[PDB]
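This report concerns only the one structure given below.
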Amino acid sequence: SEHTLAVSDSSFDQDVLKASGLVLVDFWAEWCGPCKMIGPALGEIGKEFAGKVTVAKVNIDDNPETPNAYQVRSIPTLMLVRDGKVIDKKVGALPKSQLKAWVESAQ
């Protein structure tokens with residue numbers, strides 16, 4: 001599967017901060033073209049890592065608390081999270097190979 005979860009403000013702690021492995025948080029909304037453009041690539045990353053990466057989609061229209069907590073200033077914003085801590089963030093769309101390399105770089 002693509003290891004992609006719809007996460008809410010109420011489930012973020014369990015689903016992301018208390019996740020095992022590496023989490024790729026995807027802050028998105030239906031009005032965001034670039035977000036939709038990178039969606040297939042994100043799912044492909046989830047498939048390719050075979051459960052070692054969880055893609056946690058956070059719709060920012062429905063879930064205002066989490067993007068506020070993480071100082072999301074525009075979308076797309078992606079975050080790599082492990083052990084409840086942010087490793088890095090990216091703003092804006094990127095090609096699949098660059099997204100994959102970024103995930104790999106977390107080790």
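Naming works like this for the structure tokens: A, B, ... for the chains as they're shown, residue 1 at the start of each chain, ligands 1 onward in shown order.
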
Close residues, residue 16 (chain A) itself excluded, 12 Å, only C-alpha atoms, min 4 positions apart in chain, as a tab-separated table (two decimals) with C-alpha atoms, in the first residue's frame:
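Written out: out10.tsv:
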```
chain	number	residue	atom	x	y	z
A	4	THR	CA	-0.84	7.21	3.63
A	5	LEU	CA	-3.01	8.31	6.52
A	6	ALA	CA	-5.54	11.11	6.95
A	7	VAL	CA	-4.56	12.68	10.27
A	8	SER	CA	-6.53	15.23	12.28
A	9	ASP	CA	-5.58	17.75	14.97
A	10	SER	CA	-6.96	15.28	17.54
A	11	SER	CA	-5.04	12.25	16.20
A	12	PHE	CA	-1.77	13.96	15.37
A	20	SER	CA	7.31	4.27	14.85
A	21	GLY	CA	9.65	4.86	12.01
A	22	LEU	CA	9.87	8.02	9.87
A	23	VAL	CA	6.82	10.21	9.22
A	24	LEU	CA	6.39	12.51	6.22
A	25	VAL	CA	3.77	15.09	7.22
A	26	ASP	CA	1.96	16.65	4.24
A	53	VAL	CA	7.70	5.75	6.10
A	54	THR	CA	4.20	6.87	6.99
A	55	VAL	CA	2.73	9.73	4.93
A	56	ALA	CA	0.53	11.73	7.30
A	57	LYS	CA	-1.80	14.03	5.36
A	58	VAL	CA	-3.09	16.97	7.38
A	66	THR	CA	-1.39	21.54	13.82
A	79	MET	CA	7.93	17.78	7.38
A	80	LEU	CA	10.07	14.78	8.25
A	81	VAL	CA	9.35	13.68	11.84
A	82	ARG	CA	10.88	10.87	13.91
A	83	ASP	CA	10.54	10.20	17.64
A	84	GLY	CA	8.15	13.09	17.94
A	85	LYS	CA	10.73	15.64	16.62
A	86	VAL	CA	10.93	17.53	13.37
```

- Spatial neighbours of residue 51 (chain A), max dist 9 Å, only C-alpha atoms, sep filter under 3 positions, as a ChimeraX atom specification: /A:1-3,21,46-48,54

Using N, CA and C atoms, can you export the residues from the last selection as a PDB file, in the first residue's frame?
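Writing done, so here's result.pdb:
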```
ATOM      1  N   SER A   1       0.843  -1.207   0.000  1.00  0.00           N
ATOM      2  CA  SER A   1       0.000   0.000   0.000  1.00  0.00           C
ATOM      3  C   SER A   1       0.865   1.238   0.000  1.00  0.00           C
ATOM      4  N   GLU A   2       0.230   2.395  -0.010  1.00  0.00           N
ATOM      5  CA  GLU A   2       0.921   3.673  -0.041  1.00  0.00           C
ATOM      6  C   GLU A   2       1.201   4.234   1.358  1.00  0.00           C
ATOM      7  N   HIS A   3       0.763   3.553   2.426  1.00  0.00           N
ATOM      8  CA  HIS A   3       1.121   3.972   3.773  1.00  0.00           C
ATOM      9  C   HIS A   3       0.786   5.426   4.035  1.00  0.00           C
ATOM     10  N   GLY A  21       9.004   4.589  13.279  1.00  0.00           N
ATOM     11  CA  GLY A  21       9.647   4.860  12.006  1.00  0.00           C
ATOM     12  C   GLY A  21       9.628   6.402  11.665  1.00  0.00           C
ATOM     13  N   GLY A  46       5.499   6.400  -0.192  1.00  0.00           N
ATOM     14  CA  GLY A  46       4.975   5.509   0.834  1.00  0.00           C
ATOM     15  C   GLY A  46       5.043   4.046   0.401  1.00  0.00           C
ATOM     16  N   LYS A  47       4.700   3.780  -0.855  1.00  0.00           N
ATOM     17  CA  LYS A  47       4.779   2.405  -1.360  1.00  0.00           C
ATOM     18  C   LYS A  47       6.228   1.925  -1.381  1.00  0.00           C
ATOM     19  N   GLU A  48       7.148   2.738  -1.868  1.00  0.00           N
ATOM     20  CA  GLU A  48       8.496   2.343  -2.084  1.00  0.00           C
ATOM     21  C   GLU A  48       9.234   2.026  -0.755  1.00  0.00           C
ATOM     22  N   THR A  54       5.635   6.591   6.986  1.00  0.00           N
ATOM     23  CA  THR A  54       4.201   6.867   6.992  1.00  0.00           C
ATOM     24  C   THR A  54       3.977   8.267   6.444  1.00  0.00           C
TER      25      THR A  54
END
```

- Closest to residue 97 (chain A) among A:44, A:72, A:37, A:67, using only C-alpha atoms? A:44

- Message: To test your reading of the structure, identify every residue in chain A that backbone DSSP assigns to helix (DSSP H, G or I), and report it as a VMD selection string.
- Response: chain A and resid 12 to 17 33 to 48 65 to 69 96 to 105

- Message: So that I can see what lies close to region 99-101 of chain A, please list as a PyMOL selection string the residues with an atom at most 12 Å from it, counting only C-alpha atoms and leaving out residues fewer than 3 positions away in the same chain.
- Response: chain A and resi 24+26+38-49+53+78-80+89-96+104-107

- Quick one, how far is CA of residue 65 (chain A) from CA of residue 50 (chain A)?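 According to the coordinates, CA of residue 65 (chain A) and CA of residue 50 (chain A) are separated by 29.7 Å.
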
- Determine which residues of region 2-107 of chain A receive a DSSP assignment of strand (DSSP E or B), computed from the backbone, and state them as number ranges by chain. A: 4-6, 22-28, 53-59, 77-82, 85-91

I need the chosen residues saved as a compact mmCIF listing (two decimals), in the first residue's frame, with N, CA, C and O atoms.
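Just written: part-v3.txt:
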```
# COMPACT_ATOMS: atom_id res chain seq x y z
N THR A 4 -0.38 5.85 3.52
CA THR A 4 -0.84 7.21 3.63
C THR A 4 -2.10 7.28 4.49
O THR A 4 -3.10 6.62 4.22
N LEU A 5 -2.02 8.13 5.50
CA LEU A 5 -3.01 8.31 6.52
C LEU A 5 -3.60 9.71 6.46
O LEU A 5 -2.85 10.64 6.32
N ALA A 6 -4.90 9.83 6.71
CA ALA A 6 -5.54 11.11 6.95
C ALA A 6 -5.52 11.35 8.43
O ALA A 6 -6.13 10.58 9.21
N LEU A 22 9.78 6.66 10.42
CA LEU A 22 9.87 8.02 9.87
C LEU A 22 8.50 8.43 9.35
O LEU A 22 7.80 7.63 8.74
N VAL A 23 8.11 9.67 9.67
CA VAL A 23 6.82 10.21 9.22
C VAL A 23 7.10 11.37 8.29
O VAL A 23 7.92 12.26 8.60
N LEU A 24 6.42 11.38 7.14
CA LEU A 24 6.39 12.51 6.22
C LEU A 24 5.03 13.17 6.38
O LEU A 24 4.01 12.61 5.95
N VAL A 25 4.99 14.32 7.04
CA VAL A 25 3.77 15.09 7.22
C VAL A 25 3.56 15.95 6.02
O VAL A 25 4.47 16.67 5.59
N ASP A 26 2.35 15.89 5.44
CA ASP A 26 1.96 16.65 4.24
C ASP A 26 0.81 17.58 4.59
O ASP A 26 -0.32 17.11 4.74
N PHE A 27 1.10 18.87 4.74
CA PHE A 27 0.05 19.86 5.00
C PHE A 27 -0.51 20.30 3.64
O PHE A 27 0.23 20.80 2.77
N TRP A 28 -1.82 20.12 3.47
CA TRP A 28 -2.44 20.29 2.16
C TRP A 28 -3.83 20.89 2.34
O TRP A 28 -4.41 20.95 3.41
N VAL A 53 8.13 4.35 6.11
CA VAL A 53 7.70 5.75 6.10
C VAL A 53 6.18 5.77 6.13
O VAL A 53 5.50 5.04 5.38
N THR A 54 5.64 6.59 6.99
CA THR A 54 4.20 6.87 6.99
C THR A 54 3.98 8.27 6.44
O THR A 54 4.65 9.20 6.92
N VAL A 55 3.09 8.41 5.46
CA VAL A 55 2.73 9.73 4.93
C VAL A 55 1.48 10.15 5.67
O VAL A 55 0.43 9.53 5.60
N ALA A 56 1.60 11.21 6.46
CA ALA A 56 0.53 11.73 7.30
C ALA A 56 0.00 13.01 6.66
O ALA A 56 0.62 14.06 6.74
N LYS A 57 -1.16 12.89 6.01
CA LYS A 57 -1.80 14.03 5.36
C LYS A 57 -2.64 14.78 6.35
O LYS A 57 -3.54 14.21 6.99
N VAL A 58 -2.38 16.09 6.47
CA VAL A 58 -3.09 16.97 7.38
C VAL A 58 -3.74 18.07 6.52
O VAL A 58 -3.07 18.95 6.01
N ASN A 59 -5.07 17.97 6.39
CA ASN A 59 -5.82 18.98 5.65
C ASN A 59 -5.93 20.21 6.54
O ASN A 59 -6.52 20.18 7.63
N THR A 77 3.56 22.39 2.55
CA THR A 77 4.67 22.23 3.49
C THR A 77 4.72 20.78 3.86
O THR A 77 3.71 20.18 4.23
N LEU A 78 5.93 20.24 3.76
CA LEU A 78 6.21 18.86 4.15
C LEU A 78 7.15 18.89 5.34
O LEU A 78 8.04 19.76 5.45
N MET A 79 7.00 17.91 6.24
CA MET A 79 7.93 17.78 7.38
C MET A 79 8.33 16.34 7.50
O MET A 79 7.54 15.43 7.32
N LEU A 80 9.59 16.12 7.82
CA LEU A 80 10.07 14.78 8.25
C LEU A 80 10.11 14.79 9.78
O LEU A 80 10.68 15.72 10.38
N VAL A 81 9.47 13.77 10.39
CA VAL A 81 9.35 13.68 11.84
C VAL A 81 9.76 12.29 12.26
O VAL A 81 9.39 11.30 11.62
N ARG A 82 10.53 12.18 13.35
CA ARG A 82 10.88 10.87 13.91
C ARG A 82 11.00 11.05 15.43
O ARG A 82 11.55 12.07 15.89
N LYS A 85 9.94 14.43 16.90
CA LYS A 85 10.73 15.64 16.62
C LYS A 85 10.85 15.88 15.15
O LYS A 85 11.08 14.95 14.38
N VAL A 86 10.75 17.15 14.75
CA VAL A 86 10.93 17.53 13.37
C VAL A 86 12.40 17.43 13.04
O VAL A 86 13.28 17.98 13.73
N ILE A 87 12.70 16.74 11.95
CA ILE A 87 14.03 16.62 11.37
C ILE A 87 14.27 17.71 10.36
O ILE A 87 15.34 18.34 10.33
N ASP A 88 13.30 18.01 9.49
CA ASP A 88 13.46 19.02 8.48
C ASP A 88 12.08 19.34 7.88
O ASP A 88 11.11 18.58 8.09
N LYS A 89 12.01 20.44 7.15
CA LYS A 89 10.79 20.88 6.49
C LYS A 89 11.12 21.28 5.07
O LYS A 89 12.26 21.80 4.83
N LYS A 90 10.19 21.16 4.16
CA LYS A 90 10.29 21.65 2.80
C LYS A 90 9.03 22.44 2.51
O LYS A 90 7.94 22.04 2.89
N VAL A 91 9.17 23.54 1.78
CA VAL A 91 8.05 24.36 1.32
C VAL A 91 8.03 24.34 -0.18
O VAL A 91 9.07 24.56 -0.81
```

- Query: Rounded to one decimal in Å, what is the spacing between CA of residue 34 (chain A) and CA of residue 76 (chain A)?
  - Reply: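 Computing it gives 6.6 Å between the two atoms.
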